[PDB]
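Every heavy atom of this structure was used, including side-chain atoms; hydrogens, water molecules and symmetry mates were not. Chain naming here is simple, since letters A, B, ... match the order of the sequence lines and numbering starts at 1 in each.
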Amino acid sequence: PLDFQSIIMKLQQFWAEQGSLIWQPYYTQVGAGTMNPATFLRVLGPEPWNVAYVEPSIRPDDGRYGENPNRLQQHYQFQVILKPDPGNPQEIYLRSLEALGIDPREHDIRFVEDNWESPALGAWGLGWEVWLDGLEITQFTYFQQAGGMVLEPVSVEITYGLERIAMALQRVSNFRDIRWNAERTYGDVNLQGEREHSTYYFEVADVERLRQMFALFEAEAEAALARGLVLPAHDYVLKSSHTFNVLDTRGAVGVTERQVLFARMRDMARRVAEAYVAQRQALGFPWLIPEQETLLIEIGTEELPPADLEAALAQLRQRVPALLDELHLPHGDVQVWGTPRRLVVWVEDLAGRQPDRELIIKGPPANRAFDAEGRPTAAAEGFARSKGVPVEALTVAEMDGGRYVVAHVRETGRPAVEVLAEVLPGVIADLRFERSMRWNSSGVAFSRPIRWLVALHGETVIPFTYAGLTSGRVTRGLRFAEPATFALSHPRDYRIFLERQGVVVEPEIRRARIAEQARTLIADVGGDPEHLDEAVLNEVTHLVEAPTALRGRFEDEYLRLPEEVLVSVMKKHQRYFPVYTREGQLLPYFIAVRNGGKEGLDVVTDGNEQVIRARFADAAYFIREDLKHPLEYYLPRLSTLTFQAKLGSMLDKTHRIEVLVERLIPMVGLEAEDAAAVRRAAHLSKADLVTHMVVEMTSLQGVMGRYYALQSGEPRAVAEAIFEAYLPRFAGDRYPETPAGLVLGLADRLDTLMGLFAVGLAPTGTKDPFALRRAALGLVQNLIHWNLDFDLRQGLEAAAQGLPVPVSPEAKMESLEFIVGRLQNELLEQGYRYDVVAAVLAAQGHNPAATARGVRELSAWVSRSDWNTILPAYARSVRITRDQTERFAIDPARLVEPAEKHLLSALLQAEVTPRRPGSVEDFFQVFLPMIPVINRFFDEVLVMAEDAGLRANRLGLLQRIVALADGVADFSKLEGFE
Amino acid sequence: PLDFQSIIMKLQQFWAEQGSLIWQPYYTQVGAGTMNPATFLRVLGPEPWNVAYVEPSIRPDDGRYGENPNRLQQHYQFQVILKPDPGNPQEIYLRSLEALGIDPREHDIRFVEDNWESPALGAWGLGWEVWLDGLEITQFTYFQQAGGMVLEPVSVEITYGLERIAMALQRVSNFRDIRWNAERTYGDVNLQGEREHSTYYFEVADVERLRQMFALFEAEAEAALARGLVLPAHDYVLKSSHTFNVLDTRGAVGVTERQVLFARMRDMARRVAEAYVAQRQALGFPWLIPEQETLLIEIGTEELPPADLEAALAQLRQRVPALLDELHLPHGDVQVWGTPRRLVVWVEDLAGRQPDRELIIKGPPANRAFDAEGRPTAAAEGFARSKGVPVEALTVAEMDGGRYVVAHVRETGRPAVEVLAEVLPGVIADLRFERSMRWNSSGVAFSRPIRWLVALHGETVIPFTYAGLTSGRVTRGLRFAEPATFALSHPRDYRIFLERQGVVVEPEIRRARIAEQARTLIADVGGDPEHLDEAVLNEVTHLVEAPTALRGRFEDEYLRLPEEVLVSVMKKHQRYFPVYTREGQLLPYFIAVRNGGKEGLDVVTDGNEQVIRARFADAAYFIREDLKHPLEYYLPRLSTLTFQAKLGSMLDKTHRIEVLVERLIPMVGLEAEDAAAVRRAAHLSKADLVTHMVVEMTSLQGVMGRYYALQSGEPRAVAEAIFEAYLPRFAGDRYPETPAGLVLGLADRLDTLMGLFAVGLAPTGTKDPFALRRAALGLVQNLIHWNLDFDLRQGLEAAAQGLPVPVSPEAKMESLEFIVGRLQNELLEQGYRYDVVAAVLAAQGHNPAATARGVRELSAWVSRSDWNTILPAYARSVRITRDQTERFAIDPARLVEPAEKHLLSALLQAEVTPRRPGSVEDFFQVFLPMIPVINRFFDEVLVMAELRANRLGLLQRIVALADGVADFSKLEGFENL
């Protein structure tokens, strides 16, 4: 097992044997190897560049005083850049691991999607993290943009994590135990540095002096850029970035300060990059038969993400059958398969030749093609000259509505090989992914680089080129299997070759085999095999080609941690199946899936056990630090955390939520005991957001707040309300069940909705960073679940009164309509008729719980037999009262006709009747007795004329009848109303 | 031929195989790998530490925009630290060079004295610069102090110069052409950085922002130290040090500010170092017999500097003969030889045994040790008890003018081997060098480490221990020869073994053999073999053990350069012999001396040829850049240079030299042609100091000004004056010939002396920073040999009115007395009597020309056969006239004595006689005829009569004839009269 310095020297030697230039760490504190000029500048422009160098990366935020086995303010990376794309960077990288004594034939090396985005450098790329038996040991990225510029040629960045590789090779669980050389350990030479640098970065560094430093460094960078001095500018930009990072660690960077300073650093870095490219350009870039037969299409790729693989499979299924039809090729069943490295199209029976076809080409209409005598006009001659036929060969046919002159072409039936070769490049190019990357000079963008192409129709290769590749009959197996490439004489050999290596190319078969192996291992240890998460199974199906599940153990002591922590680590980080008993107590086991066989599985199982041990230990040390102080202690740290630019910090949001909760208590009607909990929980609602555990696992917000509040001695009703504030977290989640949790999340969502709309940042398209759609949806779902009557106007008005920005009446009205808007989708998703929902929303939209009741009741009142006999009395009353511009007062002394006085009696009984606000039931229970009295009134009484007093009384009666529906429904919204 | 990265990886591989820990360059701009905490912090305390790492060292002052072929603001060093001393670090280093393509058996790897110091970190040590066939490639240092702490154990620092190693291996002359890998060159990747960083360090960096940065960094270092944070404080000390270097590169730091800032950085570095050591201590330091026979004593050392070697040989030549006598050991001739690695003591026919001896120990006086009855007293009993004798065995000896009680001890004659073993450690320790260094746990300081000891009395080894070593019979030859060690059965084998390797241990023989070999090589190309510089021959002799002179050639093109430029490069920098014709023209050849044999001499020759080709091309490139602009353009750039704080810059000195020259023209007397020449010369006098050649070669001052003036189109009379101003540069140098050069030399020297005296910087004892001793002497020398009469008081006064600071009249008296003092020494340099030179100096001291003429004339008169018969008439009159401090009128009314009347008649003819001013001969020709008349007046008449004013007045005027000639009371025999 190599020393730390031996690992570095083996990597340098290996990459020098590849022809790379060996570089040196940079003389300024940088946060990553990428910030070294050897990367950040050399990837710009068209000139080639192969470099490798060590870089001690400095991240002041990551300092843990040398106590955390993995967390260091300084860690040594090994940075490799390949430019242009060599064609096989993954295989070269695997040969470098081999040179370090890591055999891919004995360990499970995986490429798992992890994209790179550095806004500080205006850069992004697509790639993976590399797993060594589950251990992240390398970042592998194809750079697409840097300094705001589109990169060409694309560069490959390979960043080795040296501490993690050395800990794996040396079987040490701790950075201090790494052997540097025969005499000294990593901790012997760096432990005091980690301790002292962490103490300075967190406790000692003077904030005013750091701000002065930043101003000086920026001013000198601007002065250097003014002279076109690229590297002195780059140096001072780096020094500004480090000074800003140390300022952030001291917790002095404000909300607006962070956005201003980051914009200045981004603009400087962009100008440095542009100045470097202009400098290189001024130098002139100095470094420059046939039958019925089977079809097999394989698009060989580097490891595709599951979402991209699944999207590609669906588009191939929707297109390949249709495309064969448009070729008029008789075919059998079309099967589409896929692994992370493969897109496979399989057509069992396919015609070797097209049938001959007669093609009819529509031309000008006959009215313009022929004269009065029937002879062709110049319009028919031109259309004839456009094709290759004389005008005498044109005929007339009836196609689309009318008669058009047509031309006849006898297209010859071509072989399937000849016609498929013309379309297959266009098939691949039409595949669409959420994010795409290019990698070579062809300019083709794809999810991940395409490395080989197979196109077989029996024994004949379909010849075409795409992405710089040439189609053929050679496929690749597993990287660590022999042979690496296999020439296919016929598609029947393909399924044979993969199945010898254990590769299951059929996705649905692969998913079944994984669940089969996993349930066996869970059953053999006494666990419930039905408790198998479907999300993990779907992702892990697309992380392997030759699955082989394994079971590992972790120490029993780690079960003392919260289950949500252990479950989140195994499922979200490692993609492991946790093991549950019949009771549903967590078991000290995990199920992992190897991309390999059953031989040597013990080596891979040991590596995965060491990985999960480290991850649980990391969570333990995070929890250890968070337990040092009560949850209330972390409130001042929230001032360092940004909620929104104009709205302030999370501590400001906490203060707003406290005030809004106090207003909501009388509006909801909480008892004294629940009033105490909601007040206390709002004080601690966001306190966990600055704990180490939540910072690492942001999904555990609320969960850790519950835990830390319990251990701090807070009442359980306070702790549970902290967790319940986020409920529901997703569709199908739990609902809040304590009143304090309901009111807390009620205030959290109202402040968020009212705050964002007050500044005009409503969601647009797919851009919803604040999840305002979920906040409005959970707002109405929780109220309907509790059936709590609530006026959203009063809720929004109370939130607006506490905002730090101006709130307009239009913004308050806009927030309401947005929430009401999301309310109808919830009701529409439950199946209620759209016109029924609209009639109730127009009158009761402000109250989502009352709207839910009204829609349910009104839905039953329609579709019933006697419904057509109920509304018309109301509708006829509405019809006559539409055009009126005033409400008419009623003087009963002027009533003459018997039906007038009887309608007044019926209406006065209806008005005096106490009814519940918005009750549809109480509306019909009061209107139904009036219907016979209203009908007799219309037949026996003339309404509109003629005396003014009689018309006012008769219209007033009809107006007050319409008013009986006020606050219940707008029945004119129903379809049958007209 | 290795690539740049291959050189780095091969060094990392080699030192990793020695056991070293491989480190990484530090994440902040440092001037040297020493400033990396892997060196500065780790050399502190007792814990061991073996490290090797690359370090891009940033020295902003060394940037040349990438235009220079070898000057870079960023050099890639390879830093190696061995702690503690391994016992053979030089040999390990040589094996590391062998791991590259460099075989010490084929190349000349030489260690030449160069002691290293980091003034910002308060670190220093003694050591060498390593030269590979003439090219400096490594700094090799034994650290003694770091951060004000005495280092124990001492650490070895080896700092490879990677660019120069690569240039030698790849046979390229420009850093641009160094291959980094198969695709890129060093220039491809670093040229734009060299240009941009040079531009920022020299032109762009804002002084106020840097000074703010410096203050901020220092304040954060203080805050970090107050919390015990060692590494953050060290980081801010490095940052402040880099900022200070950038400041100095922008010209914003003066002499006083430079010293203040360096001291404050040292104090921070001291407190960082002490904090580090206290931190490690709190951790418990976790990382812890014939009739006669020949005598041969060899002290094997690492390469001793020439001055330390000469001092050791002289101290051994004076002490060993006396030491052997004090041992009462009969011996023959004592010879002391030495090479840079050897101190050798050779004594023929040394007695094998001491003679038996009786020792007499002086004690109390006889009277105080015996009573009246002759019985011994308590003093005698105590003196006897203090020795090993009873009081009855005491006797009385008559010695030192009295009677004393003595004790008798009979000392046995012991063998020479046994008694020499007791004194040889003390002999080595008593050796004194200007600077000494420790290297191991014994604590012994020496010039360089001692590595082996030989001590043979015939076949028998003298057993003693000195610097953690043990004397034996084993010596070492040349490092690259077989065998490396050799056991001596008898001292007669020692000389045969060394001569077999070509080692010439005798310094006189070694010097002679080099001259023999050089003469042969010069004669083969038609040169003058008797033209060999003595200073090079003395230096070269003490840099080799086995001399083998070689002849290299350089291209004829470089002969177009000035001869003084080519010669100074060869002699001062490279220690080569220039090759001249007998007519005096320079030839395209040089003679170097290899420390080795004739096998593989072609490789060593080619290496030196490439080195000299590069040093000449640098000079040609330096001259090209200087010639692009007239010499007048460099005049305002002289404000960058500094003469002396409180006096002004070079531009300030040139101005007050221009004013002084115009003052000097009337006093000397120059025609219209020469007056205009000196006025233009004084304007351009110091303009060369800021050119490329003078900055690289400080000794080329004046030489290059003349060459640049001629190229600018200036007249030859102006150009020669710019060069002749410095003459004489040294003892034996030639004098100025053009009067413009002379007068310009006067203005330069008068202003330098009187100005440095006005600021109180008068030399005291020894060590004068300014050449006031030479400036005063060359002034006094140039006035003679010209026979130009000149008043120094008037000249010093004329320079005083040009000085900015106030001129104390004592400074004029002090400055004048100093100039007259150097005049006396020069006159005593010639075989001139002290009294005669003082007699004429008392009257004519202000005029060196007059004094020179007076000393010559008075010396001739003093050495005459009748000189004792000329003075005493004058001396007698002076004796009487010595008293009565007042003039006396010679009123003719009192004339009563006939003889007294003749004296006035004879005297009156003396004043009327034409006498050349300050002429001794004219005084004598006027005084000699008055000797009989002054004698008769002495006999007949009587002075001091009861009339006396006439007697005293006549005598006082007789003594007044010497006024302006001399004193005559300084003469040795003047008392006799």
Side-chain angles (χ1 to χ4, degrees), chain A residues 5-6 8-9 12-13 16 19-30 37-38 48-50 54 56 58 74 76 180-184 188-189 192-193 196-197 199-201 203-206 209-210 212-213 216-217 219-220 223-224 226-233 235 279 283 286-287, chain B residues 5-6 8-9 12-13 16 19-30 37-38 48 50 54-56 58 74 76 180-184 188-189 192-193 196-197 199-201 203-206 209-210 212-213 216-217 219-220 223-224 226-233 235 279 283 286-287:
Chain A
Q5 74 190 37
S6 301
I8 294 169
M9 285 182 288
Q12 294 175 328
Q13 179 199 13
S20 281
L21 183 143
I22 308 306
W23 195 244
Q24 294 301 325
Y26 202 56
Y27 52 59
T28 311
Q29 293 143 308
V30 292
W49 183 245
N50 297 315
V54 186
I58 302 296
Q74 174 183 275
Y76 297 87
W180 199 289
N181 78 331
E183 299 293 322
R184 295 272 70 83
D188 280 349
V189 300
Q192 292 303 316
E196 295 178 330
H197 285 309
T199 308
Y200 175 81
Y201 288 148
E203 314 184 41
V204 180
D206 190 286
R209 305 195 185 109
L210 284 176
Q212 293 181 57
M213 294 183 204
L216 298 169
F217 293 151
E220 285 300 279
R227 283 292 297 270
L229 310 182
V230 173
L231 280 171
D235 291 354
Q279 175 190 102
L283 298 170
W287 302 357
Chain B
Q5 63 186 32
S6 296
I8 291 178
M9 283 177 293
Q12 281 175 337
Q13 191 196 354
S20 293
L21 179 154
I22 303 294
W23 196 245
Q24 296 301 323
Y26 204 54
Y27 53 76
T28 205
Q29 283 145 319
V30 301
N50 294 318
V54 191
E55 187 81 69
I58 306 295
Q74 176 182 277
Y76 288 99
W180 196 294
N181 74 341
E183 304 290 321
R184 299 273 65 91
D188 284 344
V189 309
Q192 294 307 310
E196 290 179 328
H197 285 296
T199 304
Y200 174 82
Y201 289 144
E203 315 187 33
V204 176
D206 178 82
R209 283 172 189 146
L210 294 171
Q212 200 67 225
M213 282 153 70
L216 292 167
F217 297 151
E220 283 299 275
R227 289 288 298 274
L229 312 185
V230 170
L231 270 169
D235 283 358
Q279 176 183 103
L283 297 163
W287 299 355

Report task. Below 4.5 Å from any heavy atom of chain B, which atoms of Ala182(A) appear? Answer side chain, backbone, both or neither. Result -> neither

**Report entry** Heavy-atom check, side chain of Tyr200(B) versus side chain of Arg227(A), under 4.5 Å
**Finding:** no

Report summary line: Nearest heavy-atom contact between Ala16(B) and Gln5(A) is CB-NE2, 4.1 Å

Query raised in the report: Could you give the distance from CE (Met213(B)) to CZ (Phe217(A)), rounded to the nearest 0.5 Å?
Result: 5.0 Å

Query raised in the report: Given a strict heavy-atom distance threshold of 4.5 Å, which part of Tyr76(A) is in contact with chain B: side chain, backbone, both, or neither?
Result: side chain

Report task. Among the options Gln13(A), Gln29(A), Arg184(A), pick out the one with the most heavy-atom pairs lying under 4.5 Å from chain B. Result -> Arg184(A)

Query raised in the report: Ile8(B) versus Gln12(A): any side-chain heavy-atom pair under 4.5 Å?
Result: no

Report summary line: Scored by heavy-atom pairs under 4.5 Å with chain A, the best of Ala219(B), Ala205(B), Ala38(B) is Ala219(B)

Query - Heavy-atom check, side chain of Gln192(A) versus side chain of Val230(B), under 4.5 Å - result: no

Query raised in the report: What is the minimum heavy-atom distance between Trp287(B) and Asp188(A), and which atoms define it?
Result: CZ2-O, 3.1 Å

Query raised in the report: Can you tell if the side chain of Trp23(B) reaches within under 4.5 Å of the side chain of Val189(A), non-hydrogen atoms only?
Result: yes

Report task. Considering only heavy atoms and a distance below 4.5 Å, find which of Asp235(B), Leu210(B), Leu229(B), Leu283(B) pairs most often with chain A. Result -> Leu229(B)

Query - Interchain contact, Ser20(B) with chain A, by part (heavy-atom threshold 4.5 Å) - result: backbone

Report task. Look at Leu231(B), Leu216(B), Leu21(B), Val204(B) and state which one has the largest set of heavy-atom pairs under 4.5 Å with chain A. Result -> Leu21(B)

Report summary line: Under 4.5 Å to a heavy atom of chain A? For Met9(B) that would be side chain

Report task. List in chain and number order the residues that pass side chain to side chain donor-acceptor pair (under 3.5 Å) with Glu183(B), two or more places apart in sequence or in another chain; answer none if no residue qualifies. Result -> none

